[PDB]
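All remarks here apply to the structure that follows.
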There are 4 protein chains.
Amino acid sequence: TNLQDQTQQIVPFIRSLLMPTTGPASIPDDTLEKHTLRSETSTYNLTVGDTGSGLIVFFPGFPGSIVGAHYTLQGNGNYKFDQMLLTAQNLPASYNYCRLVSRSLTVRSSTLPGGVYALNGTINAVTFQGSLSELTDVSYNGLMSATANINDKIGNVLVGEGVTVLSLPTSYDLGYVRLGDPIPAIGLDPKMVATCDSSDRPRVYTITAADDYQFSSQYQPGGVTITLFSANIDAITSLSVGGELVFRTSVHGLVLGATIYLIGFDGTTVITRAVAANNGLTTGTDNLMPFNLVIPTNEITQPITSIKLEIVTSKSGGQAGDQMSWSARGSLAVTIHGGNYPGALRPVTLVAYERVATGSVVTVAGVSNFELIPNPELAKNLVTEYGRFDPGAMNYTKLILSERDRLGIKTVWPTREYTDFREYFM
Amino acid sequence: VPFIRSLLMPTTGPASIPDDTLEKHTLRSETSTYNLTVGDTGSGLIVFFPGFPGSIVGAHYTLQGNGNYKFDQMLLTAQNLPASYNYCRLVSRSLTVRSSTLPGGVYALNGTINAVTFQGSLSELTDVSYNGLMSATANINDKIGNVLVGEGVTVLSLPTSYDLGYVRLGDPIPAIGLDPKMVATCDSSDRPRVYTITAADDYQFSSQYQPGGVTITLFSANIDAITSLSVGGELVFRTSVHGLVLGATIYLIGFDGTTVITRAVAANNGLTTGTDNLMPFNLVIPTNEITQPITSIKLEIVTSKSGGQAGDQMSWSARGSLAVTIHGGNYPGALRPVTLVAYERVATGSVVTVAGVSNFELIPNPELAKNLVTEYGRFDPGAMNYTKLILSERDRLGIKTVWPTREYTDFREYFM
Amino acid sequence: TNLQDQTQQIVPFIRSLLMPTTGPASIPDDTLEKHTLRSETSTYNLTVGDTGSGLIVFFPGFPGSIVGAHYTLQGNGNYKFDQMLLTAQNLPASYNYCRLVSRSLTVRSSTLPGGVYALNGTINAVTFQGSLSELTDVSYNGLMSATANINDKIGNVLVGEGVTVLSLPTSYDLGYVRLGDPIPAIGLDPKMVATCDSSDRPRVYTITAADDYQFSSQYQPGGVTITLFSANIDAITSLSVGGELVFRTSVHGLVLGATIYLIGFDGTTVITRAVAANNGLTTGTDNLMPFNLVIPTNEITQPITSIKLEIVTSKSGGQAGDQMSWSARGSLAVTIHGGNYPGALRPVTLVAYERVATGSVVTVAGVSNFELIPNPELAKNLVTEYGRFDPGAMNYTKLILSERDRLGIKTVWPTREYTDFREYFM
Amino acid sequence: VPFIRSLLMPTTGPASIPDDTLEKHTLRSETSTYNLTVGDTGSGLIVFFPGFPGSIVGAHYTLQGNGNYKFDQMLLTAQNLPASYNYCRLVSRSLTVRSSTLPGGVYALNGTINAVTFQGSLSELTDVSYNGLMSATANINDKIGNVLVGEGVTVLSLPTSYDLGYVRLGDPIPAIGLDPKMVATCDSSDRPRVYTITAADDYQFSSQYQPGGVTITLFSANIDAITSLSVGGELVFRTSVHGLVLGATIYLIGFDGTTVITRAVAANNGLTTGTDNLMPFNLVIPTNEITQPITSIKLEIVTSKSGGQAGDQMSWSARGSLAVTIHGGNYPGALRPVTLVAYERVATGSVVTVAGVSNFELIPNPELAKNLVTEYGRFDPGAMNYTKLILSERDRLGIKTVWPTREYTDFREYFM
């Protein structure tokens, strides 16, 4: 395939929705705003590990320049993070706002490593209607029993034929999200950043960590470490943590220390942020540590599945054999900025492969169709205008999406079936 | 259809928006008039907020004999909307700026007008000068230049988005306290705008001891704010020199560069060596003390060591991230469409006249909802498609946002 | 006049060269290169002084955002720098290269203050084929003796009529000019700038400052200051000073210091840079101070007219009325980076106004057409392409400019003669 | 062979450029061939200079197991042209990147190619990865994606400018010296590129005493060099502490992060209290020390204290600005047009074959000019207008700078 950008190719909405490789249109709905169309590609040659198996989490509907992430299944039974898939152009560096019109990806392996003379490999895929940590079984086999819809899952497509991910809409009449763009700033630190993050429709978890949890342990050198909770969260962008815990004690000479851990999908620790240090407890008094954590977007290198609180307690001068004890009563509220905008976390497409030869490649190639608002430096030079009026396009989209089971339009295609559906729709 | 009559001619009256937000409301229309005296250089800037749901129409700035501006006042509406209403929604707005002096001869008085419609907020502009306004947009019909003040400029509010919820105005809720200066309101909160400022990344600071302490500015960053704001986060300090005392102060800086609000965030933090020291940030700033618009934020750090020897070294190391939250910031209209009207060197003793009409979809507070009847919008089919068609053909029909006023009179007679 | 910005309107080069407010065209020549067409306005309400007189020094042909400079005239016959006349869009912020296509300015004072019944003022205006500090007589009457051509000057134009300035070409087949564009760079100092300068066709002034020059004076406490030379130079953008002076003496214990001044058009010192610091001398041996100066563009707030070198000599062990003496032999060079580009300094138009009523205005309004090359952030999002082919345009331009004394085409027009010429050509 | 045939098909044979530059010369055609060995990950980056007037074709980089790159070699033409010629112009150039590995079965081997043509230099690219190449331009005839290595890509050189003079090849001049490894050349001088870096604008430094001193990096900036450069300017150091001494070093960093060239700029430079202290910069970097192209530059000041004591204070403050002249840097083709061809994950045991042909107009050195005849160019009127007619209508005819090899083969067949 000889890919070219289609951003000067004017197209109706109904073609650009189902065939996103044609070019961008604008979304016909009640949001009237001056904007700019841009069609953006993404080309990858993913590497096959030593077992032949993997997992390609796709994020269809994401209103920005993240497509997904690739993982390699290790030999012991775990996953290991390879890289996050992106789009071609870094969209925060030139545009403030964004809104996804359509998207289509293509996963295929057909090109025979150097000492190999036969082709091997199969593909299972679904489209799960929740976030990545919400999914209960992420195997190759158990991936299929994730949804009850027939059209949202496909089974044992050969890896040479390939699969095709199609982005069906999560909503309309949506607002433009704010891309995480730098704002002008000067500081004494040369590696100082400041961004304007995506903030409309946030996601808030609340975690009751302890409701009078009694602690009891003996003295040890260096302290005693427990883990107060290990709840699951969902994060591709920035996030903040708030709340408190309230401590009571009857033993003198205790100091406290807490830390927050953010664990990725593959199980490794992504971020360690210290919370308390040299926090001396006083008996007969509700004393407390507050939680004021703000984690920026660039700290996140891979997606995040869980969050964890470890607390290190140690007596100052007991030194031999004595008790240590405290109680905890508090609640904390984790806020994910822009977590409930439909598409940022909600539809998750998983494409897993098996049996593919070691050292072979799995080629992922796609094209995204956005609509944007420029930043102050690019708006001096580029023209924005309202969308071209087309009546009866929204009704025809509602018609197609309502009568979808009999027309056989699916969000996860075999490539040979998507191709002659496309040629019939031509 | 009465909606494009109320949209292209907002002095005619209000009409309800034909979209799918079906809520009981009442239509009200409110005027804003001002006779603006002119400065000693004759020049200045009028920033407009045309899509803004609320009483705030604009802001006035006068340009000094230097290059810097000076805040004059805030252009508001006739009556206060949060004193009698809870929710609000903008239908349309028109705003005329003219010099009401009328020369008695043939050659006119001094002063011309530039007028651009910038598609981002106020602090995102690069050049705010009179010449430098006409770079800020590349659209042919969002800017007009070199228009005489005797003719005038008229500013129109074209939509930024439809299907928008009603926004809560900054209305007083019933509250009692011991301080007679207590103000408790219910601010606009839907669609926040959040900044994240990684201020320090293992930054080191070293200085000689001085009496009183050494003050540095850790960062400065451009943010936009007209209403309630909040700062939260944490800086983390490590040191090895004993006996340091830390104190931080936040700042909010205006469009004229003058400091609006100073809040001492941390005071008398004593550092401990070999541990991990905390300076957590907890600020809420109410709307009632935002006197002018806010353009940037600053953070100053003042460190000092008890003991007092002139050869002493003080040193610490910093890392952290802080987050600034603008409540109701990413609502379309509250900050993003900004119209600037700059007049240069008008004659001394001249009067510049601002006069307009705004049209609303309001919802009354409970003491006045005993007397006002609210009801659903009057249904007309095809108003939305005809609005979409007229705005799709905006370039060929010559519908602008700023213009000369006589061109708008010729447009208005041709449209009626 | 209600100015609008026409860059979306194509035009031939003959209509854009003679009537540059119509729109931008592409220069037909053998410089074949992908570019974008950009046309820019510039509007000013200049303030008249207390005497009513002044001067407007334009720069027709400058390949950048600098149009000119305004100087008011003081009550004691001196001048005083008001401001720089610039283009609306800062072109180095978003473009890297630049050629000028056309330009057309208009000076006019039709409006008058609130109580005044009558309108005063007359204009002289000349086009001078040399640089700014080469002009010998800058008086109101002495402008007319700056050129011998019928069409490069006009006098006694009433200020309510106005004067129009048109830039006829100085050359063709010129390369583009590297604008003073910002660079990606990080440093410790937060107010760090680093630019890529205009450097094609530089200008060199060499100055033999001394040739066995003998100094002798009595001892004053602190030393005496003497001015070794001063010379007329020409600089708007960055320049460099390089060279060396070699000192030789026979009096024990002397301390030398040197400082370089740069003077504006009005006489005030723009830039001071020290060259020698405490620089002790040695008897019986030639010892030397070198010159290594780099002046960036943003240090220069007004056009530079002369350069000066003051040398401060001193004696460490003070004694009442003893002799001090030295000798000098050295030559230093000044390199105005990109000074010899035809248009950047070589033609200058001066528009002097007299007897305008005080407190009134003088209004400068123009249109400048360019051909530019975007920066790496804007070339992601803007289409650039080759110029439009029209044969015989270059020959017709050469014919028009060969017979300009017969056809009556001039650089300095009076207004409404340009209007009836414009309506006849249209 | 005419010019318009030699421009679009450079394998045909060389012609001379029809323009107003009449000079006795001789025209020439050179062929360069490189069989390339693919690294362990399988990916890399070939960076072509499609308009370079001399005999430097490109540079191979290899992507490692981490994110880093490694320099392989500078790809060159067949003969070293500065050994035998003085001056040059480039007429045309065409290069071809594919694998000559000819699969036996039905399916092919691993490997794809991206390719873009970027209109600025190499250190001006924001993202240089495989995926991030195809964002670097907006023209659809300057980028292509997922091209198989079995098909391959083809790079064509279209003009950046015409009516440009010759450039001096870096030929050696006759010289004698005591040192046997003495190099003296005459290199490219016309149309320089000058950078101005205000390195410190009243910066202030403060630190404790340490043995060996404290090293701090003053600035870092992205420059461009394939041939010789120089550095000039000063720094004025003000201090207040006795016994200080300074020493600086300028590093030139390659495209892969590796330090290419280090030069001691000043050393054992003592500071005097209360006066200015000048540290002038005078560096000349010849062409032969540059092995891989330079994309960055640093300055690192090592402060120290004479007669030092533990825990003792040392501090200074500096101002100054610097100049960096790249000789022959603003000449069109030396640095400004750059074509990048990135290949990813080619199969194990496969070779990538860079092979092409370049056409020149050359003037010999005086040892070879006594045996070749040099003459004026051939006269063909209308070749320049026909060239302009082809290039002005480039999108309707579909003439690209990067081609698939099969589509350029089809173009070549129906252009014969």
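Naming scheme: A, B, ... for chains in displayed order of the structure tokens; residues 1 onward per chain; ligands 1 onward as shown.
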Residue neighbourhood residue 364 (chain C), 7 Å, only C-alpha atoms, exclusion window fewer than 2 positions, as a PyMOL selection string: chain C and resi 43-45+105-108+362+366
Test item, alpha helix (DSSP H) assignment across region 184-410 of chain A, answer as an NGL selection string: :A and (393-402 or 404-407)
Would you put the residues from that selection into a file with C-alpha atoms, as a PDB file, in the first residue's frame?
ATOM      1  CA  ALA A 393     -26.916  12.970   6.482  1.00  0.00           C
ATOM      2  CA  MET A 394     -27.596  12.617  10.209  1.00  0.00           C
ATOM      3  CA  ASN A 395     -30.894  10.832   9.572  1.00  0.00           C
ATOM      4  CA  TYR A 396     -29.178   8.469   7.137  1.00  0.00           C
ATOM      5  CA  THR A 397     -26.511   7.755   9.766  1.00  0.00           C
ATOM      6  CA  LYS A 398     -29.224   7.025  12.354  1.00  0.00           C
ATOM      7  CA  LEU A 399     -30.989   4.790   9.802  1.00  0.00           C
ATOM      8  CA  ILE A 400     -27.834   2.767   9.091  1.00  0.00           C
ATOM      9  CA  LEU A 401     -26.889   2.442  12.754  1.00  0.00           C
ATOM     10  CA  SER A 402     -30.402   1.388  13.766  1.00  0.00           C
ATOM     11  CA  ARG A 404     -27.326  -2.597  11.546  1.00  0.00           C
ATOM     12  CA  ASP A 405     -27.949  -6.299  12.189  1.00  0.00           C
ATOM     13  CA  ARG A 406     -29.622  -6.926   8.827  1.00  0.00           C
ATOM     14  CA  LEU A 407     -27.197  -4.813   6.783  1.00  0.00           C
TER      15      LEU A 407
END
Using only C-alpha atoms, what does the table of chain B residues within 8 Å of chain A look like, with each row giving the shortest atom pair and its distance in Å to one decimal, sorted by chain and ascending number, as JSON lines?
{"residue": "B:19", "atom": "CA", "partner": "A:30", "partner_atom": "CA", "distance": 7.3}
{"residue": "B:120", "atom": "CA", "partner": "A:376", "partner_atom": "CA", "distance": 6.9}
{"residue": "B:124", "atom": "CA", "partner": "A:376", "partner_atom": "CA", "distance": 6.5}
{"residue": "B:125", "atom": "CA", "partner": "A:376", "partner_atom": "CA", "distance": 6.5}
{"residue": "B:126", "atom": "CA", "partner": "A:376", "partner_atom": "CA", "distance": 7.7}
{"residue": "B:135", "atom": "CA", "partner": "A:380", "partner_atom": "CA", "distance": 5.8}
{"residue": "B:136", "atom": "CA", "partner": "A:380", "partner_atom": "CA", "distance": 5.2}
{"residue": "B:137", "atom": "CA", "partner": "A:380", "partner_atom": "CA", "distance": 4.8}
{"residue": "B:138", "atom": "CA", "partner": "A:380", "partner_atom": "CA", "distance": 5.0}
{"residue": "B:139", "atom": "CA", "partner": "A:383", "partner_atom": "CA", "distance": 5.7}
{"residue": "B:159", "atom": "CA", "partner": "A:32", "partner_atom": "CA", "distance": 6.9}
{"residue": "B:160", "atom": "CA", "partner": "A:33", "partner_atom": "CA", "distance": 5.2}
{"residue": "B:161", "atom": "CA", "partner": "A:31", "partner_atom": "CA", "distance": 4.8}
{"residue": "B:162", "atom": "CA", "partner": "A:31", "partner_atom": "CA", "distance": 5.1}
{"residue": "B:163", "atom": "CA", "partner": "A:30", "partner_atom": "CA", "distance": 6.5}
{"residue": "B:190", "atom": "CA", "partner": "A:200", "partner_atom": "CA", "distance": 8.0}
{"residue": "B:191", "atom": "CA", "partner": "A:200", "partner_atom": "CA", "distance": 4.7}
{"residue": "B:192", "atom": "CA", "partner": "A:200", "partner_atom": "CA", "distance": 6.0}
{"residue": "B:193", "atom": "CA", "partner": "A:199", "partner_atom": "CA", "distance": 5.9}
{"residue": "B:194", "atom": "CA", "partner": "A:197", "partner_atom": "CA", "distance": 5.9}
{"residue": "B:195", "atom": "CA", "partner": "A:196", "partner_atom": "CA", "distance": 4.6}
{"residue": "B:196", "atom": "CA", "partner": "A:195", "partner_atom": "CA", "distance": 5.6}
{"residue": "B:197", "atom": "CA", "partner": "A:194", "partner_atom": "CA", "distance": 4.3}
{"residue": "B:198", "atom": "CA", "partner": "A:193", "partner_atom": "CA", "distance": 5.6}
{"residue": "B:199", "atom": "CA", "partner": "A:192", "partner_atom": "CA", "distance": 5.8}
{"residue": "B:200", "atom": "CA", "partner": "A:189", "partner_atom": "CA", "distance": 6.0}
{"residue": "B:201", "atom": "CA", "partner": "A:191", "partner_atom": "CA", "distance": 6.9}
{"residue": "B:203", "atom": "CA", "partner": "A:189", "partner_atom": "CA", "distance": 6.1}
{"residue": "B:217", "atom": "CA", "partner": "A:187", "partner_atom": "CA", "distance": 7.6}
{"residue": "B:218", "atom": "CA", "partner": "A:187", "partner_atom": "CA", "distance": 5.7}
{"residue": "B:219", "atom": "CA", "partner": "A:187", "partner_atom": "CA", "distance": 4.0}
{"residue": "B:220", "atom": "CA", "partner": "A:186", "partner_atom": "CA", "distance": 5.4}
{"residue": "B:221", "atom": "CA", "partner": "A:185", "partner_atom": "CA", "distance": 4.2}
{"residue": "B:222", "atom": "CA", "partner": "A:184", "partner_atom": "CA", "distance": 6.1}
{"residue": "B:232", "atom": "CA", "partner": "A:292", "partner_atom": "CA", "distance": 7.2}
{"residue": "B:233", "atom": "CA", "partner": "A:292", "partner_atom": "CA", "distance": 5.4}
{"residue": "B:234", "atom": "CA", "partner": "A:292", "partner_atom": "CA", "distance": 6.0}
{"residue": "B:275", "atom": "CA", "partner": "A:277", "partner_atom": "CA", "distance": 6.4}
{"residue": "B:276", "atom": "CA", "partner": "A:277", "partner_atom": "CA", "distance": 5.6}
{"residue": "B:277", "atom": "CA", "partner": "A:277", "partner_atom": "CA", "distance": 7.2}
{"residue": "B:280", "atom": "CA", "partner": "A:292", "partner_atom": "CA", "distance": 6.6}
{"residue": "B:281", "atom": "CA", "partner": "A:292", "partner_atom": "CA", "distance": 7.8}
{"residue": "B:321", "atom": "CA", "partner": "A:294", "partner_atom": "CA", "distance": 5.8}
{"residue": "B:322", "atom": "CA", "partner": "A:294", "partner_atom": "CA", "distance": 6.1}
{"residue": "B:323", "atom": "CA", "partner": "A:294", "partner_atom": "CA", "distance": 6.7}
{"residue": "B:330", "atom": "CA", "partner": "A:200", "partner_atom": "CA", "distance": 7.2}
{"residue": "B:385", "atom": "CA", "partner": "A:391", "partner_atom": "CA", "distance": 7.5}
{"residue": "B:388", "atom": "CA", "partner": "A:389", "partner_atom": "CA", "distance": 6.4}
{"residue": "B:389", "atom": "CA", "partner": "A:389", "partner_atom": "CA", "distance": 5.9}
{"residue": "B:391", "atom": "CA", "partner": "A:386", "partner_atom": "CA", "distance": 6.6}
{"residue": "B:392", "atom": "CA", "partner": "A:388", "partner_atom": "CA", "distance": 5.6}
Interface list for chain B, partner chain D, 12 Å threshold, only C-alpha atoms, as a PyMOL selection string: chain B and resi 204-209+241+310-315
Nearby residues (only C-alpha atoms) at most 7 Å from residue 15 (chain D), same-chain spacing under 3 positions excluded, as a list in words: residues 1, 2, 3 and 6 of chain D
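Of the listed residues (A:92, A:257, A:77, A:121), A:92 comes nearest to chain C; the distances count only C-alpha atoms.
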Test item, strand (DSSP E or B) assignment across region 97-254 of chain A, answer as a VMD selection string: chain A and resid 97 to 108 122 to 128 154 to 158 163 to 166 177 to 178 181 to 182 185 to 187 193 to 197 203 to 218 224 to 229 232 to 235 239 to 248 254
Keeping only C-alpha atoms, write those residues as an mmCIF file, in the first residue's frame.
data_model
loop_
_atom_site.group_PDB
_atom_site.id
_atom_site.type_symbol
_atom_site.label_atom_id
_atom_site.label_comp_id
_atom_site.auth_asym_id
_atom_site.auth_seq_id
_atom_site.Cartn_x
_atom_site.Cartn_y
_atom_site.Cartn_z
ATOM 1 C CA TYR A 97 -8.858 21.551 20.122
ATOM 2 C CA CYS A 98 -9.975 18.300 18.529
ATOM 3 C CA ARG A 99 -12.967 16.119 17.615
ATOM 4 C CA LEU A 100 -12.714 12.708 15.917
ATOM 5 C CA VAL A 101 -14.847 12.131 12.818
ATOM 6 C CA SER A 102 -13.739 8.642 11.771
ATOM 7 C CA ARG A 103 -10.950 6.100 12.144
ATOM 8 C CA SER A 104 -9.945 2.788 10.565
ATOM 9 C CA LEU A 105 -7.005 0.515 11.388
ATOM 10 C CA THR A 106 -5.590 -2.616 9.749
ATOM 11 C CA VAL A 107 -3.595 -5.365 11.491
ATOM 12 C CA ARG A 108 -1.857 -7.854 9.183
ATOM 13 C CA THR A 122 -4.167 -16.387 13.723
ATOM 14 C CA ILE A 123 -6.086 -13.373 15.105
ATOM 15 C CA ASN A 124 -8.944 -12.960 17.606
ATOM 16 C CA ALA A 125 -10.507 -9.556 18.251
ATOM 17 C CA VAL A 126 -13.381 -7.920 20.134
ATOM 18 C CA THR A 127 -14.699 -4.467 20.892
ATOM 19 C CA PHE A 128 -15.205 -4.110 24.625
ATOM 20 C CA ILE A 154 -14.348 -12.157 15.088
ATOM 21 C CA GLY A 155 -12.589 -15.495 15.464
ATOM 22 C CA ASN A 156 -9.403 -17.091 14.083
ATOM 23 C CA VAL A 157 -8.859 -14.925 11.047
ATOM 24 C CA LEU A 158 -5.556 -15.931 9.475
ATOM 25 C CA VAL A 163 -8.364 -7.851 10.503
ATOM 26 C CA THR A 164 -9.826 -4.349 10.250
ATOM 27 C CA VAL A 165 -10.869 -2.151 13.170
ATOM 28 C CA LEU A 166 -13.691 0.252 12.344
ATOM 29 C CA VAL A 177 -11.702 18.559 23.831
ATOM 30 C CA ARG A 178 -8.608 20.552 24.708
ATOM 31 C CA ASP A 181 -0.752 21.902 24.410
ATOM 32 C CA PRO A 182 2.082 23.998 25.873
ATOM 33 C CA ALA A 185 5.871 30.163 30.441
ATOM 34 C CA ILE A 186 9.295 31.023 31.855
ATOM 35 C CA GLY A 187 10.972 29.485 34.884
ATOM 36 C CA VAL A 193 6.808 22.349 31.105
ATOM 37 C CA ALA A 194 3.275 23.696 31.380
ATOM 38 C CA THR A 195 0.306 22.293 29.469
ATOM 39 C CA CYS A 196 -3.423 22.953 29.205
ATOM 40 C CA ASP A 197 -4.911 19.523 29.811
ATOM 41 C CA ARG A 203 -13.752 10.937 36.074
ATOM 42 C CA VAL A 204 -13.732 10.694 39.872
ATOM 43 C CA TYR A 205 -13.140 7.550 41.905
ATOM 44 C CA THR A 206 -13.568 7.546 45.669
ATOM 45 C CA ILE A 207 -11.771 4.954 47.811
ATOM 46 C CA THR A 208 -12.589 4.387 51.476
ATOM 47 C CA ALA A 209 -9.120 3.153 52.390
ATOM 48 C CA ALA A 210 -9.710 2.417 56.061
ATOM 49 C CA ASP A 211 -12.778 2.456 58.293
ATOM 50 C CA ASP A 212 -10.954 2.014 61.632
ATOM 51 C CA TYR A 213 -8.331 -0.420 60.394
ATOM 52 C CA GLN A 214 -6.375 -1.608 63.422
ATOM 53 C CA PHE A 215 -2.660 -2.170 62.861
ATOM 54 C CA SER A 216 -0.431 -4.280 65.113
ATOM 55 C CA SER A 217 3.172 -5.363 64.584
ATOM 56 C CA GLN A 218 6.452 -5.821 66.419
ATOM 57 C CA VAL A 224 7.131 -2.420 58.768
ATOM 58 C CA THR A 225 5.462 -2.043 55.364
ATOM 59 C CA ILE A 226 1.811 -2.849 54.631
ATOM 60 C CA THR A 227 -0.416 -2.222 51.610
ATOM 61 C CA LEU A 228 -3.669 -0.516 52.500
ATOM 62 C CA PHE A 229 -5.475 -0.871 49.162
ATOM 63 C CA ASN A 232 -8.000 -0.390 39.870
ATOM 64 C CA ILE A 233 -8.070 2.862 37.869
ATOM 65 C CA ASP A 234 -7.853 3.991 34.239
ATOM 66 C CA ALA A 235 -5.535 6.680 32.924
ATOM 67 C CA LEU A 239 -4.594 12.948 37.036
ATOM 68 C CA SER A 240 -4.743 14.330 40.562
ATOM 69 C CA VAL A 241 -5.222 12.753 43.999
ATOM 70 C CA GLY A 242 -6.991 14.276 47.001
ATOM 71 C CA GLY A 243 -8.329 13.339 50.419
ATOM 72 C CA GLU A 244 -6.837 12.489 53.815
ATOM 73 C CA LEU A 245 -6.271 9.773 56.376
ATOM 74 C CA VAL A 246 -6.699 10.307 60.117
ATOM 75 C CA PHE A 247 -4.414 8.476 62.548
ATOM 76 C CA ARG A 248 -4.856 7.631 66.226
ATOM 77 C CA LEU A 254 5.963 6.563 66.065
#
Long-range neighbours of residue 375 (chain D) as JSON, numbers by chain, 10 Å cut-off, only C-alpha atoms, 3 positions minimum in chain: {"D": [22, 23, 24, 25, 26, 27, 372, 378]}
One-decimal distance in Å that lies between CA of residue 174 (chain D) and CA of residue 367 (chain D): 11.7 Å
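Taking only C-alpha atoms, the non-local environment of region 6-16 of chain C within 7 Å (same-chain residues fewer than 4 positions away omitted) comprises residues 20, 22, 23, 24, 25, 26, 27, 37, 38, 39 and 102 of chain C.
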Write to file, as an mmCIF file, in the first residue's frame, the residues of the selection just made, with N, CA and C atoms.
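The resulting out30.cif:
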data_model
loop_
_atom_site.group_PDB
_atom_site.id
_atom_site.type_symbol
_atom_site.label_atom_id
_atom_site.label_comp_id
_atom_site.auth_asym_id
_atom_site.auth_seq_id
_atom_site.Cartn_x
_atom_site.Cartn_y
_atom_site.Cartn_z
ATOM 1 N N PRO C 20 0.020 47.682 -5.636
ATOM 2 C CA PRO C 20 0.244 46.565 -4.704
ATOM 3 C C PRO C 20 -0.865 46.341 -3.693
ATOM 4 N N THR C 22 -3.814 45.607 -4.647
ATOM 5 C CA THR C 22 -4.735 44.700 -5.316
ATOM 6 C C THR C 22 -4.589 43.283 -4.780
ATOM 7 N N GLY C 23 -3.355 42.840 -4.552
ATOM 8 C CA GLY C 23 -3.096 41.500 -4.088
ATOM 9 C C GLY C 23 -1.684 41.066 -4.414
ATOM 10 N N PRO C 24 -1.249 39.928 -3.866
ATOM 11 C CA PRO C 24 0.123 39.469 -4.104
ATOM 12 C C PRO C 24 0.233 38.571 -5.324
ATOM 13 N N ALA C 25 1.370 38.684 -6.004
ATOM 14 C CA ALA C 25 1.690 37.838 -7.141
ATOM 15 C C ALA C 25 3.048 37.203 -6.897
ATOM 16 N N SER C 26 3.472 36.363 -7.833
ATOM 17 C CA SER C 26 4.764 35.693 -7.761
ATOM 18 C C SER C 26 5.709 36.310 -8.780
ATOM 19 N N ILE C 27 6.950 36.558 -8.366
ATOM 20 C CA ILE C 27 7.914 37.269 -9.215
ATOM 21 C C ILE C 27 8.350 36.356 -10.353
ATOM 22 N N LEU C 37 2.239 32.665 -0.862
ATOM 23 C CA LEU C 37 2.039 34.088 -1.096
ATOM 24 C C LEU C 37 1.331 34.715 0.093
ATOM 25 N N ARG C 38 1.888 35.803 0.599
ATOM 26 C CA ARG C 38 1.384 36.446 1.798
ATOM 27 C C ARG C 38 1.472 37.953 1.637
ATOM 28 N N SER C 39 0.364 38.625 1.915
ATOM 29 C CA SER C 39 0.236 40.067 1.784
ATOM 30 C C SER C 39 -0.200 40.627 3.123
ATOM 31 N N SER C 102 6.156 43.310 -3.736
ATOM 32 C CA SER C 102 5.812 44.712 -3.932
ATOM 33 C C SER C 102 5.469 45.345 -2.589
#
Minimum-distance residue to chain A, chosen among C:93, C:73, C:85, C:350 (using only C-alpha atoms): C:93
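Interatomic distance, CA of residue 147 (chain D) against CA of residue 64 (chain A): 26.3 Å.
Of note, CA of residue 348 (chain D) and CA of residue 351 (chain A) are spaced 26.3 Å apart.
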Residues near region 334-345 of chain D, cut-off 8 Å, only C-alpha atoms, skip fewer than 5 positions along chain, as a PyMOL selection string: (chain A and resi 45+361) or (chain D and resi 41-53+110-122+130+133+155+160+224-225+328-329)
Test item: residues at most 10 Å from residue 362 (chain B), only C-alpha atoms, excluding those fewer than 3 positions along its chain, as an MDAnalysis selection string: chainID B and resid 24:29 54 81 84:90 166:167 359 365 374
Selected residue, from C:91, C:255, C:84, C:138, that lies nearest to chain A when counting only C-alpha atoms: C:91
